[PDB]
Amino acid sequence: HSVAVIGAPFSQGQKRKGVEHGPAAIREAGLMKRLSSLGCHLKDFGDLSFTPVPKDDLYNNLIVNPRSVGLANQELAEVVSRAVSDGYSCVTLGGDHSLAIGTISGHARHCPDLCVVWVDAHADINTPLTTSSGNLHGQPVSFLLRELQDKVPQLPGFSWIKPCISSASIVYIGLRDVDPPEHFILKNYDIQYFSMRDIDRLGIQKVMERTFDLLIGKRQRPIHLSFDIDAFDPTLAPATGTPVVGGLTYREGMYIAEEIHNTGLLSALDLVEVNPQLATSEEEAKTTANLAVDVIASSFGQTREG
C-alpha cells in the first residue's frame, strides 16, 4: 500500500490570507511518521509551486482569481492523475477547497467511476451564477457534476475541465451552512446529504452505512474523500476561514475516517482549509493541524483499539 502526499498551497480560491500554510502545518504536526507507522510506503511530492497567471482580473466583476485557480488545478490534476496511475493512494494537503477541482479531475481521469464523500459544513456547490462571494472554494462541486453543466458558464482557465461525476455519485456529511441556491441545487438534482440534523437523528454509524449503501452498495468503486476541516466544530478546529458552530465531534470525525478505511476503497483524500494564521494562539493552530493528522491517519487505518 503506497501513499502519495502532495502539498497544494492554494489560497486564491478565497480571500483570507494564510491557508497556503496549511500543508506545512499538517506536516509539522507529524503526518509522515504517523502514515509510516501504519505501514504506508510513502512518496512525498513536497509542496507544489503553481504557475501564476498575469492580469487575472475578476470574472464578471465577481469571481476572484479564475485563471489562477484554473491553472493551478490543471497542474494539480496532472500530478494526481500520475500518482494514481503509479498506484498511489493520493493525499492532498490544502490550501482552500477549490483544489478539489484539481484532485477530483485528476483522480477521475482514469477512474471515471469514482465516488465522492464530501465532509464539510458547506455544500461548496454554488455556481458562478449563484455565488454571492465570488470565492471559488465555495463552488468546486459545480464544475465536477455532469447534470449541472448547462447551468455552469465557462470561466477563463477552466476549459480543460470535463465534468466527471454524476450527482448520484457524491454524498455530503456534516452540512449546516447552506446557501439557498445550493439547497435548490441539492434538491433539484436529488443529491444525497447527511446534515448535522441527520446526524443528530440517525447517529454517525447509520449515516456511514447509508452513505456506503448509496455509493458502493451495488459495486466496488474507488473512493475520493474530500474532507474540509471546518466540518468539525470550531471548538475543535478553530484555525479555518469559515467556521460554523455545531459541527462534528472528534469521535464523529474519527468514526467517519475509520469507516472510510474499512471499505478498503480509499483512493484519494483531500484535507483542506486548515489556516494556521486564523488561530488566536499557536495552541489553537496546532490543535487544528493535529486534528488534520488524526483524520488522515484514521483514514489509512489508525484505530482506537490497537
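So that the term is clear: the rigid core is the largest set of C-alpha atoms that superpose within 1.5 Å between two forms. Heads up: residue numbers just count along the shown sequence, starting at 1.
Between 249 to 257 and 57 to 65, the larger mean CA deviation from the shown form in 9 other deposited structures of this protein, after core superposition, belongs to 57 to 65.
Between 84 to 92 and 163 to 171, it is 163 to 171 that carries the larger average Cα temperature factor according to the deposited entry.
For the segment pair 143 to 151 and 111 to 119, the entry gives 143 to 151 the higher mean B-factor, averaged over Cα atoms. As recorded in the PDB entry, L129 shows the highest C-alpha B-factor of the residues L129, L202, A72, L236. Looking at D190, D198, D124, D228, the one whose CA carries the top B-factor in the deposited record is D190. Residue-level temperature factors show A77 in the highest third of its chain, judged at the C-alpha atom. Per-chain ranking of the deposited C-alpha B factor places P181 in the middle third.
Among the modelled residues of its chain, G102 has a C-alpha B-factor that falls in the lowest third, as given in the PDB entry. Sort the chain's modelled residues by C-alpha temperature factor and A289 lands in the middle third, per the entry. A24: CA B factor lies in the highest third for its chain, per the PDB record.
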